[PDB]
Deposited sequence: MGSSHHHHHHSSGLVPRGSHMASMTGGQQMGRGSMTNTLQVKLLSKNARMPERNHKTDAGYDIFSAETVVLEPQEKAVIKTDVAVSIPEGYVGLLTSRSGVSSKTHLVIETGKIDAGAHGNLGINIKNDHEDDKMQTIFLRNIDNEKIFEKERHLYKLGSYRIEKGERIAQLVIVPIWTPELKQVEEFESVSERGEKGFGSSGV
């Protein structure tokens, strides 16, 4: 069986699409429109549940476009084989909370938002829109063997940057 089961949990959810043929990642879409303040942590719900087969792991990881342009930090999620729950994106707006305020919100391309209705926001605040690609899923085979205590092993020695 060379197929992965994908289950949508709501109308807000969307089917993950792969960009190119040789590409590794499945672009994951957001199911909600959230505003993240500086240093604010949240879990972005995808409303998408997947089933990874045994002997594999899913890497719900950051997209290189958004992560290099914005202060949005995604902690790569290790989706266990047999985890049939809602995939949540572990996000953090790492932008400095320098107490300053602006009238412009920022999107996932670090662009000033063009709101007709004026509001005051914290400097370095971002907005994730619904149906917006913020993360991607990369499935990679694992290796989980048995483990036993040993006094010594069956070499690089015992070396955190031994060289420079």
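Practice prompt. Map the modelled residues onto the deposited sequence and report the uncovered stretches in sequence order.
Written response: Several regions go unmodelled: 1 to 35, 190 to 192, 198, 204.
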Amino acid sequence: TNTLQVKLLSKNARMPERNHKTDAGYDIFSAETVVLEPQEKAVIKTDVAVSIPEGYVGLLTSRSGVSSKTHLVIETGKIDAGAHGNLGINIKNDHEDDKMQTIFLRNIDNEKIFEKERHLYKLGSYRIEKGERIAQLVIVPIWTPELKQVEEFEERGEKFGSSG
From here on, numbers count along this sequence of modelled residues.
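Fill in: Per the entry, higher mean C-alpha B factor between 23 to 31 and 63 to 71
Mean C-alpha B-factor is greater for 23 to 31.
Discussion item. Mean CA temperature factor from the deposited coordinates, higher in 41 to 49 or in 114 to 122?
Written reply: Taking the mean C-alpha B-factor of 114 to 122 and of 41 to 49, the larger value falls to 114 to 122.
Worksheet item: Which third, lowest, middle or highest, does the CA B-factor of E54 fall in along this chain?
Response: Highest third - that is where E54 ends up once the chain's C-alpha B-factors are sorted.
Worksheet item: Going by the entry, which third of its chain does the Cα temperature factor of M100 land in?
Response: It falls in the top third of the chain.
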